[PDB]
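Chains as they are written, first to last, in the entry's author numbering: chain A, 397 to 444; chain A', 348 to 396. A prime marks a further copy of an entry chain.
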């Protein structure tokens with residue numbers, strides 16, 4: 397939702413269940429998005 | 348004054364048959380533990396500056 401695209405998107409996510417963080421996962425080769433243009437999504441709109 | 352002597356002999360032949368039917372049920376529970384690696388620990392932490 398920004399103004400510039402991002403390359404090699406590697407987010408870090410917390411999984412929380414009932415006040416406890418199950419895990420903190422950093423994106424790896426299978427979860428890295430090559431391109432992410434503004435106002436777009438990875439995967440794209442028509443993909444799972 | 349009376350007396351008596353008796354001698355007897357007997358022979359017996361026997362045949363038998365039997366049928367048995369058995370049914371059984373069993374229920375087991377088990378628990379095992381390793382004394383070297385008994386549990387794992389996860390710490391929820393935050394950093395400060």
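Cβ atoms here follow ideal geometry from the backbone N, Cα and C, with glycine treated the same way.
With residue i and residue j assumed to form a contact (beta carbons below 8 Å), what rounded beta-carbon distance in angstroms separates them?
i, j, result
"residue 419 of chain A", "residue 407 of chain A", "At roughly 14 Å, the Cβ-Cβ gap does not stay under 8 Å, so residue 419 of chain A and residue 407 of chain A are not in contact."
"residue 412 of chain A", "residue 428 of chain A", "Wrong, their Cβ atoms sit about 23 Å apart, outside the cutoff."
"residue 417 of chain A", "residue 391 of chain A'", "5 Å"
Suppose the cutoff is 7 Å on Cβ atoms and the five residues either side in sequence are ignored; what does the same chain contact list for residue i look like?
i, result
"residue 431 of chain A", "401, 403"
Skipping 5 residues on each side, what residues in its chain have a beta carbon closer than 8 Å to that of residue i?
i, result
"residue 389 of chain A'", "none"
"residue 435 of chain A", "397"
What residues match up with residue i in a beta bridge as DSSP calls it?
i, result
"residue 398 of chain A'", "Since the first residue of chain A' shown is 348 and the last is 396, residue 398 of chain A' is not available in this structure."
"residue 403 of chain A", "A/431"
Specify the secondary structure class of residue i as computed by DSSP and reduced to three states.
i, result
"residue 426 of chain A", "helix"
"residue 437 of chain A", "coil"
"residue 365 of chain A'", "coil"
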